[PDB]
Amino acid sequence: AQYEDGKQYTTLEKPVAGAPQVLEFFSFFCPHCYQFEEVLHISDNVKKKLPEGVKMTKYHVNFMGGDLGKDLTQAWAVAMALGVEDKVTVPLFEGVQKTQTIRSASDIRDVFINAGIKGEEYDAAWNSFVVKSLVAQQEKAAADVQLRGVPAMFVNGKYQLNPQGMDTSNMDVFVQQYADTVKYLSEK
(Lines give C-alpha, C1' and ligand atoms only; values in the text may rest on other atoms or scores of the structure.)
Protein backbone atom coordinates (compact mmCIF):
# COMPACT_ATOMS: atom_id res chain seq x y z
CA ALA A 1 0.00 0.00 0.00
CA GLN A 2 0.92 3.69 0.02
CA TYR A 3 1.82 3.88 3.74
CA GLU A 4 3.66 0.80 5.04
CA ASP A 5 4.91 -0.39 8.41
CA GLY A 6 8.69 -0.58 8.10
CA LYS A 7 8.71 2.10 5.42
CA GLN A 8 7.49 5.60 6.38
CA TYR A 9 6.98 4.54 10.00
CA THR A 10 7.49 1.73 12.51
CA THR A 11 5.30 0.37 15.30
CA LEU A 12 6.34 0.34 18.98
CA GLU A 13 6.60 -3.20 20.37
CA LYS A 14 5.36 -1.62 23.58
CA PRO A 15 2.72 1.09 23.06
CA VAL A 16 2.70 4.01 25.50
CA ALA A 17 -0.40 4.55 27.62
CA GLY A 18 -1.78 8.08 27.64
CA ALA A 19 0.93 9.53 25.39
CA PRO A 20 0.61 12.90 23.61
CA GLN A 21 -1.10 12.42 20.21
CA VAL A 22 1.92 13.83 18.36
CA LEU A 23 5.17 13.84 20.29
CA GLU A 24 8.45 15.25 18.95
CA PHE A 25 11.87 14.86 20.63
CA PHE A 26 14.79 17.14 19.85
CA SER A 27 17.93 18.75 21.19
CA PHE A 28 19.10 22.32 20.68
CA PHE A 29 22.56 20.62 20.35
CA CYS A 30 21.38 18.40 17.53
CA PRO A 31 22.54 19.47 14.03
CA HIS A 32 19.84 17.36 12.34
CA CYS A 33 17.35 18.95 14.78
CA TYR A 34 18.47 22.42 13.62
CA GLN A 35 17.79 21.35 10.04
CA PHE A 36 14.44 19.78 11.00
CA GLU A 37 13.21 22.97 12.68
CA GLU A 38 15.01 25.94 11.11
CA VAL A 39 15.37 24.82 7.46
CA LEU A 40 12.82 22.07 6.83
CA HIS A 41 10.22 23.38 9.31
CA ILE A 42 8.98 19.85 10.05
CA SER A 43 6.94 20.74 13.19
CA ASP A 44 5.21 23.55 11.31
CA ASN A 45 4.41 21.43 8.26
CA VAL A 46 3.07 18.61 10.39
CA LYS A 47 0.82 21.00 12.32
CA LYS A 48 -0.55 22.53 9.11
CA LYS A 49 -2.02 19.12 8.27
CA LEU A 50 -3.08 17.72 11.64
CA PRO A 51 -6.80 16.91 12.10
CA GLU A 52 -8.94 19.18 14.29
CA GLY A 53 -8.50 18.39 17.99
CA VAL A 54 -5.00 16.94 17.61
CA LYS A 55 -2.33 18.82 19.54
CA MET A 56 1.41 18.62 18.82
CA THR A 57 3.80 18.23 21.76
CA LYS A 58 7.54 18.85 21.67
CA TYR A 59 10.12 17.69 24.23
CA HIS A 60 13.84 18.37 24.71
CA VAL A 61 16.36 15.63 25.55
CA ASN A 62 19.32 15.53 27.93
CA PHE A 63 21.83 13.21 26.33
CA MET A 64 23.55 15.78 24.11
CA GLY A 65 25.82 18.45 25.59
CA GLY A 66 26.46 17.43 29.20
CA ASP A 67 25.55 20.10 31.76
CA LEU A 68 24.44 22.55 29.09
CA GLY A 69 22.19 19.92 27.54
CA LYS A 70 20.31 19.49 30.84
CA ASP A 71 20.20 23.24 31.26
CA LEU A 72 18.45 23.37 27.88
CA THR A 73 15.90 20.73 28.86
CA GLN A 74 15.15 22.77 32.01
CA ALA A 75 14.87 25.98 29.96
CA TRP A 76 12.58 24.22 27.48
CA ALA A 77 10.47 23.30 30.53
CA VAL A 78 10.44 27.01 31.40
CA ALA A 79 9.35 27.76 27.82
CA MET A 80 6.46 25.29 28.05
CA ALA A 81 5.45 26.53 31.52
CA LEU A 82 5.38 30.14 30.35
CA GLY A 83 3.96 29.36 26.93
CA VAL A 84 6.74 31.16 25.02
CA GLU A 85 8.00 28.31 22.81
CA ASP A 86 7.41 30.33 19.61
CA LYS A 87 9.54 33.17 20.92
CA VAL A 88 12.58 31.25 22.07
CA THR A 89 12.91 28.24 19.74
CA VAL A 90 14.69 30.12 16.96
CA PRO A 91 17.11 32.10 19.17
CA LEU A 92 17.90 29.01 21.27
CA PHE A 93 18.82 27.02 18.13
CA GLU A 94 20.86 29.88 16.67
CA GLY A 95 22.59 30.66 19.94
CA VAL A 96 23.65 27.07 20.49
CA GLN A 97 24.50 26.18 16.86
CA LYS A 98 24.87 29.30 14.69
CA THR A 99 26.54 32.04 16.78
CA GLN A 100 27.53 29.51 19.49
CA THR A 101 27.02 32.26 22.05
CA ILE A 102 25.11 29.92 24.37
CA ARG A 103 27.76 28.36 26.59
CA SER A 104 26.14 28.47 30.06
CA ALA A 105 22.79 28.54 31.85
CA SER A 106 23.15 32.31 32.09
CA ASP A 107 23.50 32.52 28.28
CA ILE A 108 20.25 30.59 27.93
CA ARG A 109 18.48 32.99 30.28
CA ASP A 110 19.70 35.98 28.22
CA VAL A 111 17.79 34.62 25.22
CA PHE A 112 14.61 34.70 27.33
CA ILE A 113 15.32 38.19 28.72
CA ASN A 114 15.96 39.47 25.20
CA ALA A 115 12.75 37.87 23.97
CA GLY A 116 10.76 39.93 26.48
CA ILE A 117 10.45 37.51 29.40
CA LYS A 118 10.95 39.34 32.70
CA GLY A 119 13.91 38.15 34.73
CA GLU A 120 11.79 37.58 37.81
CA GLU A 121 9.40 35.54 35.66
CA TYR A 122 12.12 33.30 34.18
CA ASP A 123 13.82 32.74 37.56
CA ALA A 124 10.64 31.81 39.44
CA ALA A 125 9.78 29.34 36.66
CA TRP A 126 13.37 28.07 36.52
CA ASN A 127 13.35 27.25 40.23
CA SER A 128 9.73 25.94 40.31
CA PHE A 129 8.55 22.40 41.03
CA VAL A 130 6.13 22.82 38.12
CA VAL A 131 9.27 23.05 35.94
CA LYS A 132 11.00 20.15 37.76
CA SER A 133 8.01 17.90 36.96
CA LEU A 134 8.08 19.12 33.35
CA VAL A 135 11.74 18.09 33.14
CA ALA A 136 10.76 14.72 34.66
CA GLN A 137 7.90 14.37 32.14
CA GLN A 138 10.29 14.90 29.22
CA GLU A 139 12.74 12.35 30.65
CA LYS A 140 9.89 9.85 31.28
CA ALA A 141 8.50 10.25 27.75
CA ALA A 142 11.94 9.45 26.36
CA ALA A 143 12.13 6.35 28.53
CA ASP A 144 8.60 5.33 27.48
CA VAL A 145 9.28 5.32 23.72
CA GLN A 146 12.73 3.83 24.41
CA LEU A 147 14.31 6.79 22.66
CA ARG A 148 17.65 6.18 20.90
CA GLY A 149 18.28 9.32 18.91
CA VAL A 150 16.92 12.70 17.90
CA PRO A 151 15.07 14.10 16.07
CA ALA A 152 12.19 11.66 16.52
CA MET A 153 8.39 11.79 16.39
CA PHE A 154 5.79 9.41 17.78
CA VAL A 155 2.05 9.27 17.09
CA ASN A 156 -0.57 8.17 19.68
CA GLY A 157 2.27 6.50 21.56
CA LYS A 158 2.09 3.66 19.04
CA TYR A 159 3.91 4.63 15.81
CA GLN A 160 7.41 6.04 15.19
CA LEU A 161 8.16 8.23 12.18
CA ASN A 162 10.82 6.67 9.92
CA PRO A 163 12.33 9.41 7.72
CA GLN A 164 15.06 7.04 6.40
CA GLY A 165 12.22 5.19 4.66
CA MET A 166 11.05 8.35 2.82
CA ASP A 167 12.53 10.11 -0.27
CA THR A 168 15.46 12.41 0.51
CA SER A 169 16.20 14.51 -2.58
CA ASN A 170 13.55 17.13 -2.88
CA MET A 171 13.80 18.52 0.64
CA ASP A 172 10.19 19.54 0.13
CA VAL A 173 9.00 16.15 -1.10
CA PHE A 174 10.63 14.76 2.03
CA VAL A 175 8.88 17.34 4.25
CA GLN A 176 5.54 16.78 2.52
CA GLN A 177 5.79 13.02 2.91
CA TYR A 178 6.81 13.38 6.57
CA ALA A 179 3.84 15.65 7.30
CA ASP A 180 1.49 13.42 5.23
CA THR A 181 2.67 10.35 7.13
CA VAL A 182 1.97 11.98 10.51
CA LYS A 183 -1.57 12.89 9.36
CA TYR A 184 -2.10 9.33 8.12
CA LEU A 185 -0.88 7.93 11.47
CA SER A 186 -3.05 10.34 13.48
CA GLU A 187 -6.19 8.88 11.87
CA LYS A 188 -5.04 5.26 12.19
# chains A, B, ... in the order shown; residues from 1 in each chain; ligands from 1
call {"tool": "residues_around", "arguments": {"residues": "stretch 136-144 of chain A", "least_positions_apart": "3", "cutoff": "7 Å", "atoms": "only C-alpha atoms", "output": "PyMOL selection string"}}
result
chain A and resi 16+59-60+132-133+147
call {"tool": "residues_around", "arguments": {"residues": "residue A:44", "least_positions_apart": "3", "cutoff": "12 Å", "atoms": "only C-alpha atoms", "output": "PyMOL selection string"}}
result
chain A and resi 24+36-41+47-50+56-58+86+175-176+178-179
call {"tool": "closest_atom_pairs", "arguments": {"of": "stretch 108-140 of chain A", "to": "stretch 63-76 of chain A", "cutoff": "12 Å", "atoms": "only C-alpha atoms", "output": "CSV"}}
result
residue,atom,partner,partner_atom,distance
A:108,CA,A:75,CA,7.4
A:109,CA,A:75,CA,7.9
A:110,CA,A:75,CA,11.2
A:111,CA,A:75,CA,10.3
A:112,CA,A:75,CA,9.1
A:122,CA,A:75,CA,8.9
A:123,CA,A:75,CA,10.2
A:124,CA,A:75,CA,11.9
A:125,CA,A:75,CA,9.1
A:126,CA,A:75,CA,7.0
A:127,CA,A:74,CA,9.5
A:128,CA,A:74,CA,10.4
A:129,CA,A:74,CA,11.2
A:130,CA,A:74,CA,10.9
A:131,CA,A:74,CA,7.1
A:132,CA,A:74,CA,7.6
A:133,CA,A:74,CA,10.0
A:134,CA,A:74,CA,8.1
A:135,CA,A:74,CA,5.9
A:136,CA,A:74,CA,9.5
A:137,CA,A:73,CA,10.7
A:138,CA,A:73,CA,8.1
A:139,CA,A:73,CA,9.1
call {"tool": "select_by_dssp", "arguments": {"residues": "stretch 72-128 of chain A", "states": "alpha helix (DSSP H)", "output": "ChimeraX atom specification"}}
result
/A:72-82,85-93,105-114,119-126
call {"tool": "write_last_selection", "arguments": {"atoms": "N, CA and C atoms", "output": "JSON list (two decimals), in the first residue's frame"}}
result
[["chain", "number", "residue", "atom", "x", "y", "z"],
["A", 72, "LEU", "N", 19.36, 23.06, 28.97],
["A", 72, "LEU", "CA", 18.45, 23.37, 27.88],
["A", 72, "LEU", "C", 17.10, 22.67, 28.04],
["A", 73, "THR", "N", 17.13, 21.45, 28.55],
["A", 73, "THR", "CA", 15.90, 20.73, 28.86],
["A", 73, "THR", "C", 15.10, 21.48, 29.95],
["A", 74, "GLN", "N", 15.81, 21.99, 30.95],
["A", 74, "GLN", "CA", 15.15, 22.77, 32.01],
["A", 74, "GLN", "C", 14.61, 24.09, 31.45],
["A", 75, "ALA", "N", 15.36, 24.74, 30.56],
["A", 75, "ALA", "CA", 14.87, 25.98, 29.96],
["A", 75, "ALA", "C", 13.70, 25.72, 29.02],
["A", 76, "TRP", "N", 13.73, 24.60, 28.30],
["A", 76, "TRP", "CA", 12.58, 24.22, 27.48],
["A", 76, "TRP", "C", 11.35, 23.98, 28.37],
["A", 77, "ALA", "N", 11.55, 23.39, 29.55],
["A", 77, "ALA", "CA", 10.47, 23.30, 30.53],
["A", 77, "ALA", "C", 9.95, 24.68, 30.91],
["A", 78, "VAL", "N", 10.86, 25.64, 31.09],
["A", 78, "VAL", "CA", 10.44, 27.01, 31.40],
["A", 78, "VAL", "C", 9.60, 27.56, 30.24],
["A", 79, "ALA", "N", 10.05, 27.31, 29.01],
["A", 79, "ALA", "CA", 9.35, 27.76, 27.82],
["A", 79, "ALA", "C", 7.92, 27.20, 27.75],
["A", 80, "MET", "N", 7.78, 25.91, 28.05],
["A", 80, "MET", "CA", 6.46, 25.29, 28.05],
["A", 80, "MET", "C", 5.58, 25.87, 29.17],
["A", 81, "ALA", "N", 6.18, 26.04, 30.35],
["A", 81, "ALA", "CA", 5.45, 26.53, 31.52],
["A", 81, "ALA", "C", 4.95, 27.96, 31.31],
["A", 82, "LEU", "N", 5.74, 28.75, 30.59],
["A", 82, "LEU", "CA", 5.38, 30.14, 30.35],
["A", 82, "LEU", "C", 4.60, 30.30, 29.06],
["A", 85, "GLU", "N", 7.27, 29.14, 23.75],
["A", 85, "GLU", "CA", 8.00, 28.31, 22.81],
["A", 85, "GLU", "C", 8.27, 28.99, 21.47],
["A", 86, "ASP", "N", 7.27, 29.68, 20.92],
["A", 86, "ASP", "CA", 7.41, 30.33, 19.61],
["A", 86, "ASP", "C", 8.18, 31.64, 19.66],
["A", 87, "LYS", "N", 8.73, 31.98, 20.82],
["A", 87, "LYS", "CA", 9.54, 33.17, 20.92],
["A", 87, "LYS", "C", 10.98, 32.80, 21.19],
["A", 88, "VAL", "N", 11.21, 31.60, 21.71],
["A", 88, "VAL", "CA", 12.58, 31.25, 22.07],
["A", 88, "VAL", "C", 13.18, 30.13, 21.23],
["A", 89, "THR", "N", 12.37, 29.40, 20.46],
["A", 89, "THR", "CA", 12.91, 28.24, 19.74],
["A", 89, "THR", "C", 13.99, 28.67, 18.74],
["A", 90, "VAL", "N", 13.72, 29.71, 17.97],
["A", 90, "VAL", "CA", 14.69, 30.12, 16.96],
["A", 90, "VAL", "C", 15.98, 30.69, 17.61],
["A", 91, "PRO", "N", 15.85, 31.63, 18.57],
["A", 91, "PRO", "CA", 17.11, 32.10, 19.17],
["A", 91, "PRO", "C", 17.86, 31.08, 20.03],
["A", 92, "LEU", "N", 17.18, 30.06, 20.54],
["A", 92, "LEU", "CA", 17.90, 29.01, 21.27],
["A", 92, "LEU", "C", 18.70, 28.16, 20.28],
["A", 93, "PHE", "N", 18.08, 27.76, 19.18],
["A", 93, "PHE", "CA", 18.82, 27.02, 18.13],
["A", 93, "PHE", "C", 20.02, 27.79, 17.60],
["A", 105, "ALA", "N", 24.19, 28.35, 31.50],
["A", 105, "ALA", "CA", 22.79, 28.54, 31.85],
["A", 105, "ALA", "C", 22.42, 30.02, 31.77],
["A", 106, "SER", "N", 23.35, 30.87, 32.20],
["A", 106, "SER", "CA", 23.15, 32.31, 32.09],
["A", 106, "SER", "C", 22.92, 32.73, 30.62],
["A", 107, "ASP", "N", 23.66, 32.13, 29.68],
["A", 107, "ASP", "CA", 23.50, 32.52, 28.28],
["A", 107, "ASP", "C", 22.11, 32.12, 27.78],
["A", 108, "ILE", "N", 21.62, 30.98, 28.24],
["A", 108, "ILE", "CA", 20.25, 30.59, 27.93],
["A", 108, "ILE", "C", 19.23, 31.63, 28.41],
["A", 109, "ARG", "N", 19.35, 31.99, 29.67],
["A", 109, "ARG", "CA", 18.48, 32.99, 30.28],
["A", 109, "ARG", "C", 18.48, 34.30, 29.49],
["A", 110, "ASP", "N", 19.64, 34.77, 29.06],
["A", 110, "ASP", "CA", 19.70, 35.98, 28.22],
["A", 110, "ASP", "C", 18.76, 35.93, 27.02],
["A", 111, "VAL", "N", 18.69, 34.78, 26.36],
["A", 111, "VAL", "CA", 17.79, 34.62, 25.22],
["A", 111, "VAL", "C", 16.35, 34.91, 25.64],
["A", 112, "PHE", "N", 15.96, 34.43, 26.82],
["A", 112, "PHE", "CA", 14.61, 34.70, 27.33],
["A", 112, "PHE", "C", 14.41, 36.17, 27.68],
["A", 113, "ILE", "N", 15.40, 36.78, 28.34],
["A", 113, "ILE", "CA", 15.32, 38.19, 28.72],
["A", 113, "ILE", "C", 15.17, 39.06, 27.47],
["A", 114, "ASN", "N", 16.01, 38.78, 26.48],
["A", 114, "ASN", "CA", 15.96, 39.47, 25.20],
["A", 114, "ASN", "C", 14.65, 39.29, 24.45],
["A", 119, "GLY", "N", 12.93, 38.95, 34.02],
["A", 119, "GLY", "CA", 13.91, 38.15, 34.73],
["A", 119, "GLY", "C", 13.32, 37.46, 35.95],
["A", 120, "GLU", "N", 12.47, 38.16, 36.67],
["A", 120, "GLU", "CA", 11.79, 37.58, 37.81],
["A", 120, "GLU", "C", 10.89, 36.41, 37.39],
["A", 121, "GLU", "N", 10.31, 36.54, 36.21],
["A", 121, "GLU", "CA", 9.40, 35.54, 35.66],
["A", 121, "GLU", "C", 10.15, 34.26, 35.26],
["A", 122, "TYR", "N", 11.25, 34.42, 34.54],
["A", 122, "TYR", "CA", 12.12, 33.30, 34.18],
["A", 122, "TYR", "C", 12.65, 32.58, 35.43],
["A", 123, "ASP", "N", 13.19, 33.34, 36.38],
["A", 123, "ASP", "CA", 13.82, 32.74, 37.56],
["A", 123, "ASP", "C", 12.85, 31.97, 38.47],
["A", 124, "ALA", "N", 11.64, 32.50, 38.65],
["A", 124, "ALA", "CA", 10.64, 31.81, 39.44],
["A", 124, "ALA", "C", 10.23, 30.50, 38.74],
["A", 125, "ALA", "N", 10.05, 30.55, 37.43],
["A", 125, "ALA", "CA", 9.78, 29.34, 36.66],
["A", 125, "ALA", "C", 10.95, 28.38, 36.77],
["A", 126, "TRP", "N", 12.16, 28.90, 36.55],
["A", 126, "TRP", "CA", 13.37, 28.07, 36.52],
["A", 126, "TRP", "C", 13.49, 27.26, 37.80]]
call {"tool": "closest_residue", "arguments": {"among": "A:97, A:186, A:10, A:181", "to": "residue A:33", "atoms": "only C-alpha atoms"}}
result
A:97
call {"tool": "closest_residue", "arguments": {"among": "A:55, A:155, A:28, A:146", "to": "residue A:100", "atoms": "only C-alpha atoms"}}
result
A:28
